[PDB]
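What follows is one chain in structure tokens, specifically the form deposited in one PDB entry.
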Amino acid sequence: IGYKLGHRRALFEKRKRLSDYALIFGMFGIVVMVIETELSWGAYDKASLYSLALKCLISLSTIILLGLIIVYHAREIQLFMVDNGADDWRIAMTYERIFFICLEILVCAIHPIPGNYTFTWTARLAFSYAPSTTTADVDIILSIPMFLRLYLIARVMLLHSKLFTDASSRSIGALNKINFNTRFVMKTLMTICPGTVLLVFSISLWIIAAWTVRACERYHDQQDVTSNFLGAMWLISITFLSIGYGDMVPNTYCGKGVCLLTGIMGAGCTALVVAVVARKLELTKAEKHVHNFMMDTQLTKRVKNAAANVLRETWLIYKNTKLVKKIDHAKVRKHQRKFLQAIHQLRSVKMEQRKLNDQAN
């Protein structure tokens, strides 16, 4: 029809391209934060120029990220204006729209500023109940919350999916009045691959939580217990499965909060994992039919063999009782016992075959 159906596509491409730079500039800051946190503990102190450089980089990336977010929201407003048939952009503002933008800005505006600021930290040790005191730095409160920036991955994955950006799929969805949201794609992925998503989620959370616990716990720790990376991995793994704590209990409320979060997540996820595992152990239609065929084939032979022995024992009893001059009672008793055994076996086999046939009916 011209103009339209091309303007919407142009806006779609612009919005999709604006969502990659945000991911790049967020992951850059997270990686630089991790490297600086690791290095400043033992390699250099907090007064060197390396810290200043590595934090100026973070500030620059944060500024660019905020600019990109604002431009993305402007493009989204334009797309709404086109879609709903509006002439003034002020019709878009609906309170919650402002609230979500402010929340995104606040979440993405946190990072360790350059400088040298310290505070006082006290904790109560585990299993001995002895107070501790140290002078930490403010850059540990401002660094952990960067992991909240990981929501952009979901946005990118939603905008790059084939279901969201296929003309035929959109036409069918419009015909059936289907709203394409981020929950629809999540449910679709869960239906398609319910194991891969769980594996990826668990493997990422494991490492992130282990590093966070170690970083929190390295301050009040002089025995290499909870500051060990492998020890943190073991602690997270055994708390996920809800087994216990061992001798490794955190001395910090940060570690305890992390442990509570992993415990909740594991209690939520184990049931789904075992359900999808149980769903992988059944037979399809064709193999079920083959199995039933072979079972009936074997049961017929078993029932025939069982039925023969009854007549065999009856004949033996009659012969040894009436066709012999003298009577030997031991043989008669043995044959009667075997006769009863044959009757019971025949009845059991017949009942099992009837039950299987009724089930297959």
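C-alpha atoms forming the largest set that superposes within 1.5 Å between two forms make up the rigid core. The numbering used is simple: start at 1 and walk along the sequence shown.
Not pictured, yet referred to below: the form deposited in another entry.
Shown in the overlay between this form and the one not shown, fitted on the rigid core, is a CA shift at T321 of 2 Å or greater. If you fit the rigid core between this form and the one not shown, you'll see the Cα of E287 move by 2 angstroms or more.
Core-superposed comparison between this form and the one not shown: CA of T62 displaced by less than 2 Å.
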